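**Q** Quick one, query_2.csv (CSV, N, CA and C atoms):
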chain,number,residue,atom,x,y,z
A,1,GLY,N,7.8,3.7,-18.6
A,1,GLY,CA,7.2,5.0,-19.1
A,1,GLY,C,6.6,5.9,-18.0
A,2,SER,N,5.5,6.6,-18.4
A,2,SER,CA,4.8,7.5,-17.5
A,2,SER,C,3.8,6.8,-16.6
A,3,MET,N,3.4,7.5,-15.5
A,3,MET,CA,2.3,7.0,-14.6
A,3,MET,C,2.5,5.6,-14.0
A,4,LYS,N,3.7,5.3,-13.5
A,4,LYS,CA,4.0,4.0,-12.9
A,4,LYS,C,3.7,4.1,-11.4
A,5,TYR,N,3.2,3.0,-10.8
A,5,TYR,CA,3.0,2.8,-9.4
A,5,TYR,C,4.3,2.3,-8.7
A,6,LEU,N,4.4,2.5,-7.4
A,6,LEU,CA,5.6,2.0,-6.7
A,6,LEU,C,5.8,0.5,-6.8
A,7,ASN,N,4.8,-0.2,-6.7
A,7,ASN,CA,4.8,-1.7,-6.8
A,7,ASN,C,5.7,-2.4,-5.8
A,8,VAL,N,5.7,-1.8,-4.5
A,8,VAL,CA,6.5,-2.4,-3.5
A,8,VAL,C,5.5,-2.9,-2.5
A,9,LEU,N,5.8,-3.9,-1.7
A,9,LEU,CA,4.8,-4.4,-0.7
A,9,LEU,C,5.4,-4.2,0.6
A,10,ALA,N,4.6,-4.5,1.6
A,10,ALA,CA,5.0,-4.5,3.0
A,10,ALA,C,4.3,-5.6,3.8
A,11,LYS,N,5.0,-6.2,4.8
A,11,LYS,CA,4.5,-7.2,5.6
A,11,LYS,C,4.1,-6.6,6.9
A,12,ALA,N,2.9,-6.9,7.4
A,12,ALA,CA,2.4,-6.4,8.7
A,12,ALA,C,3.1,-7.0,9.8
A,13,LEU,N,3.6,-6.2,10.7
A,13,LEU,CA,4.3,-6.6,11.9
A,13,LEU,C,3.3,-6.7,13.1
A,14,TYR,N,2.3,-6.0,13.0
A,14,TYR,CA,1.2,-6.0,14.1
A,14,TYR,C,-0.1,-6.1,13.4
A,15,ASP,N,-1.1,-6.5,14.1
A,15,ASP,CA,-2.5,-6.7,13.6
A,15,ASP,C,-3.3,-5.5,14.0
A,16,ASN,N,-4.4,-5.4,13.2
A,16,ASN,CA,-5.4,-4.3,13.6
A,16,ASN,C,-6.8,-4.8,13.2
A,17,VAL,N,-7.8,-4.0,13.4
A,17,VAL,CA,-9.2,-4.2,13.0
A,17,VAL,C,-9.5,-2.8,12.4
A,18,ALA,N,-10.3,-2.7,11.3
A,18,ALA,CA,-10.6,-1.5,10.7
A,18,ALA,C,-12.0,-1.1,11.1
A,19,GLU,N,-12.2,0.2,11.4
A,19,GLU,CA,-13.5,0.7,11.9
A,19,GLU,C,-14.3,1.4,10.7
A,20,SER,N,-13.6,1.6,9.6
A,20,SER,CA,-14.1,2.2,8.4
A,20,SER,C,-13.8,1.4,7.2
A,21,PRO,N,-14.7,1.4,6.2
A,21,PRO,CA,-14.3,0.7,4.9
A,21,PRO,C,-13.2,1.3,4.2
A,22,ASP,N,-12.8,2.6,4.5
A,22,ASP,CA,-11.7,3.3,3.8
A,22,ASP,C,-10.4,2.9,4.5
A,23,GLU,N,-10.5,2.2,5.6
A,23,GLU,CA,-9.3,1.7,6.3
A,23,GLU,C,-9.2,0.2,6.0
A,24,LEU,N,-8.0,-0.3,5.9
A,24,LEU,CA,-7.7,-1.7,5.7
A,24,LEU,C,-7.6,-2.5,6.9
A,25,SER,N,-8.3,-3.6,7.0
A,25,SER,CA,-8.1,-4.6,8.1
A,25,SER,C,-7.1,-5.6,7.6
A,26,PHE,N,-6.0,-5.7,8.4
A,26,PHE,CA,-4.9,-6.6,8.1
A,26,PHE,C,-4.5,-7.2,9.4
A,27,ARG,N,-3.7,-8.3,9.4
A,27,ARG,CA,-3.2,-8.9,10.6
A,27,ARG,C,-1.7,-9.2,10.4
A,28,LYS,N,-1.0,-9.3,11.5
A,28,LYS,CA,0.4,-9.5,11.5
A,28,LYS,C,0.7,-10.7,10.7
A,29,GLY,N,1.7,-10.7,9.9
A,29,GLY,CA,2.1,-11.8,9.1
A,29,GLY,C,1.6,-11.6,7.6
A,30,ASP,N,0.6,-10.8,7.5
A,30,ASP,CA,0.0,-10.6,6.1
A,30,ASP,C,0.8,-9.6,5.3
A,31,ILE,N,0.7,-9.6,4.0
A,31,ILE,CA,1.5,-8.8,3.1
A,31,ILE,C,0.5,-8.0,2.2
A,32,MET,N,0.7,-6.7,2.0
A,32,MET,CA,-0.1,-5.9,1.2
A,32,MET,C,0.8,-5.0,0.3
A,33,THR,N,0.3,-4.6,-0.9
A,33,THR,CA,1.0,-3.8,-1.8
A,33,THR,C,0.8,-2.3,-1.5
A,34,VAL,N,1.9,-1.6,-1.4
A,34,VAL,CA,1.8,-0.1,-1.1
A,34,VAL,C,1.7,0.6,-2.4
A,35,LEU,N,0.7,1.4,-2.6
A,35,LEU,CA,0.5,2.1,-3.8
A,35,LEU,C,1.1,3.5,-3.8
A,36,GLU,N,0.9,4.2,-2.7
A,36,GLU,CA,1.5,5.5,-2.4
A,36,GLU,C,1.6,5.7,-0.9
A,37,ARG,N,2.2,6.8,-0.5
A,37,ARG,CA,2.4,7.1,0.9
A,37,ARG,C,1.9,8.5,1.3
A,38,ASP,N,1.6,8.6,2.6
A,38,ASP,CA,1.1,9.9,3.1
A,38,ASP,C,-0.2,10.3,2.4
A,39,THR,N,-0.9,9.3,2.1
A,39,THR,CA,-2.1,9.4,1.2
A,39,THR,C,-3.2,10.2,1.7
A,40,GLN,N,-3.3,10.5,3.0
A,40,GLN,CA,-4.4,11.3,3.5
A,40,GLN,C,-3.8,12.6,4.1
A,41,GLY,N,-2.5,12.9,3.8
A,41,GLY,CA,-1.8,14.1,4.3
A,41,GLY,C,-1.3,13.7,5.7
A,42,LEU,N,-1.6,12.5,6.1
A,42,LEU,CA,-1.1,12.0,7.4
A,42,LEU,C,0.3,11.3,7.2
A,43,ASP,N,1.3,11.8,7.8
A,43,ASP,CA,2.6,11.3,7.7
A,43,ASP,C,2.6,9.8,8.3
A,44,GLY,N,3.1,8.9,7.5
A,44,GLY,CA,3.2,7.5,7.9
A,44,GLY,C,2.1,6.7,7.6
A,45,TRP,N,1.0,7.2,7.0
A,45,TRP,CA,-0.1,6.4,6.5
A,45,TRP,C,0.0,6.1,5.1
A,46,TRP,N,0.0,4.9,4.7
A,46,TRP,CA,0.2,4.5,3.3
A,46,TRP,C,-1.1,3.9,2.7
A,47,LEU,N,-1.3,4.2,1.4
A,47,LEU,CA,-2.5,3.6,0.8
A,47,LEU,C,-2.0,2.2,0.3
A,48,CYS,N,-2.5,1.2,1.0
A,48,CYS,CA,-2.2,-0.2,0.6
A,48,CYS,C,-3.4,-0.9,0.0
A,49,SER,N,-3.1,-2.0,-0.7
A,49,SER,CA,-4.2,-2.8,-1.3
A,49,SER,C,-4.1,-4.2,-0.8
A,50,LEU,N,-5.2,-4.8,-0.4
A,50,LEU,CA,-5.2,-6.1,0.2
A,50,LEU,C,-6.7,-6.6,0.2
A,51,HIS,N,-6.9,-7.9,-0.1
A,51,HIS,CA,-8.2,-8.5,0.0
A,51,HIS,C,-9.3,-7.8,-0.9
A,52,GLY,N,-8.8,-7.4,-2.1
A,52,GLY,CA,-9.8,-6.8,-3.0
A,52,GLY,C,-10.1,-5.3,-2.8
A,53,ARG,N,-9.5,-4.7,-1.7
A,53,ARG,CA,-9.8,-3.4,-1.4
A,53,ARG,C,-8.5,-2.6,-1.3
A,54,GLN,N,-8.6,-1.3,-1.3
A,54,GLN,CA,-7.4,-0.5,-1.0
A,54,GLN,C,-7.9,0.4,0.1
A,55,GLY,N,-7.0,0.8,1.0
A,55,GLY,CA,-7.4,1.7,2.1
A,55,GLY,C,-6.2,2.1,2.9
A,56,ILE,N,-6.4,3.0,3.8
A,56,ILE,CA,-5.3,3.6,4.6
A,56,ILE,C,-4.8,2.5,5.6
A,57,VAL,N,-3.5,2.5,5.8
A,57,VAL,CA,-2.8,1.6,6.7
A,57,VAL,C,-1.6,2.3,7.4
A,58,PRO,N,-1.5,2.2,8.7
A,58,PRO,CA,-0.3,2.8,9.3
A,58,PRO,C,1.0,2.1,9.0
A,59,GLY,N,1.8,2.8,8.2
A,59,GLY,CA,3.1,2.2,7.8
A,59,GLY,C,4.1,2.0,8.9
A,60,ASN,N,3.8,2.6,10.0
A,60,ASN,CA,4.6,2.4,11.2
A,60,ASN,C,4.5,1.0,11.8
A,61,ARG,N,3.5,0.2,11.2
A,61,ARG,CA,3.3,-1.2,11.6
A,61,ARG,C,3.6,-2.2,10.5
A,62,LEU,N,4.3,-1.7,9.5
A,62,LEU,CA,4.6,-2.5,8.3
A,62,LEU,C,6.1,-2.5,8.0
A,63,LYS,N,6.6,-3.5,7.4
A,63,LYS,CA,8.0,-3.6,6.9
A,63,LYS,C,8.0,-3.8,5.4
A,64,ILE,N,8.6,-2.9,4.7
A,64,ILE,CA,8.8,-2.9,3.2
A,64,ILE,C,9.5,-4.2,2.8
A,65,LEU,N,9.0,-4.9,1.8
A,65,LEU,CA,9.6,-6.1,1.2
A,65,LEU,C,9.4,-6.0,-0.3
A,66,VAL,N,10.5,-6.2,-1.0
A,66,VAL,CA,10.3,-6.2,-2.5
A,66,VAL,C,10.0,-7.6,-2.9
A,67,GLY,N,8.7,-7.9,-3.0
A,67,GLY,CA,8.2,-9.3,-3.3
A,67,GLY,C,8.1,-9.5,-4.8
A,68,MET,N,8.0,-8.5,-5.6
A,68,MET,CA,7.9,-8.6,-7.0
A,68,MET,C,8.9,-7.6,-7.7
A,69,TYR,N,9.6,-8.2,-8.7
A,69,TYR,CA,10.5,-7.4,-9.5
A,69,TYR,C,9.9,-7.3,-10.9
A,70,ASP,N,9.4,-8.4,-11.4
A,70,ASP,CA,8.6,-8.4,-12.6
A,70,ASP,C,7.3,-7.8,-12.3
A,71,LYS,N,6.7,-7.1,-13.3
A,71,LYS,CA,5.5,-6.3,-13.1
A,71,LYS,C,5.1,-5.8,-14.5
A,72,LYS,N,3.9,-5.2,-14.6
A,72,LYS,CA,3.4,-4.6,-15.8
A,72,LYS,C,4.4,-3.5,-16.3
A,73,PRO,N,4.6,-3.4,-17.6
A,73,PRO,CA,5.5,-2.3,-18.1
A,73,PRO,C,4.9,-0.9,-17.9
A,74,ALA,N,3.6,-0.9,-17.9
A,74,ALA,CA,2.9,0.4,-17.8
A,74,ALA,C,3.3,1.4,-18.9
A,75,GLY,N,3.1,2.7,-18.7
A,75,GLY,CA,3.5,3.7,-19.7
A,75,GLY,C,2.3,4.2,-20.4
A,76,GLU,N,1.2,3.4,-20.4
A,76,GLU,CA,-0.1,3.8,-21.0
A,76,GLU,C,-0.7,5.0,-20.3
A,77,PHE,N,-0.3,6.2,-20.8
A,77,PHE,CA,-0.8,7.4,-20.2
A,77,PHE,C,-0.6,8.6,-21.2
A,78,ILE,N,-1.2,9.7,-21.0
A,78,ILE,CA,-1.1,10.9,-21.9
A,78,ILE,C,0.3,11.5,-21.7
A,79,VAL,N,0.7,12.3,-22.6
A,79,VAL,CA,2.0,13.0,-22.5
A,79,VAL,C,1.9,14.0,-21.3
A,80,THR,N,3.0,14.3,-20.7
A,80,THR,CA,3.1,15.2,-19.6
A,80,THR,C,4.5,15.8,-19.6
A,81,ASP,N,4.6,17.1,-19.1
A,81,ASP,CA,5.8,17.8,-19.0
A,81,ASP,C,6.0,18.5,-17.6
Translate the structure of the given file into structure tokens.
**A**
Amino acid sequence: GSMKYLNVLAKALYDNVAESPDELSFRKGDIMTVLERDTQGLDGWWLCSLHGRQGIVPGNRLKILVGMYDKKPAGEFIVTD
């Protein structure tokens, strides 16, 4: 239905440390779900979710992996045109 998320994940190829709580701290080998891309108007920065938080992550350090095919059916949203 309407208002569905991407529900694709990506594996970190490189590690980082986050200086802000709005930024995600991840390490190489870890996997996070990508919710949307270019989330701050910055090309290549994706809004990912990991460890109970969501935050900005440089997608240039991630590799997209389809880890889930089954997912919520969603669709619970108002009508839109």
**Q** Using DSSP on the backbone coordinates, identify the residues of chain A assigned to strand (DSSP E or B); present them as a list in words.
**A**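 Residues of chain A classed as strand (DSSP E or B): residues 8, 9, 10, 11, 12, 23, 31, 32, 33, 34, 35, 36, 37, 45, 46, 47, 48, 49, 50, 53, 54, 55, 56, 57, 58, 62, 63, 64 and 65 of chain A.
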**Q** Kindly give the distance, in Å, that separates atom CA of residue A:19 and atom C of residue A:32, rounded to a single decimal.
**A**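 Value for the atom CA of residue A:19-atom C of residue A:32 distance: 19.3 Å.
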**Q** Report, in Å with one decimal, the straight-line distance from atom CA of residue A:65 to atom C of residue A:39.
**A** 20.7 Å
**Q** When you count only N, CA and C atoms, which of these residues is closest to residue A:26: A:2, A:59, A:75, A:14?
**A**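 That would be A:14, the residue with the smallest distance to residue A:26.
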**Q** Can you tell me, as a VMD selection string, what residues are no more than 7 Å from stretch 45-52 of chain A when counting only C-alpha atoms, ignoring any on the same chain fewer than 3 positions away?
**A** chain A and resid 32 to 39 42 55 to 59
**Q** What does the distance from atom N of residue A:43 to atom N of residue A:61 come to in Å, to one decimal?
**A**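 Separation between atom N of residue A:43 and atom N of residue A:61: 12.3 Å.
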**Q** Identify which of the residues A:78, A:13, A:29, A:44 lies closest to residue A:63, counting only C-alpha atoms when measuring atom-to-atom distances.
**A**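 Answer, going by the shortest atom-to-atom distance: A:13.
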**Q** Taking only C-alpha atoms into account, name the residue in A:73, A:41, A:54, A:62 that is nearest to residue A:22.
**A**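 Selected residue with least distance to residue A:22: A:54.
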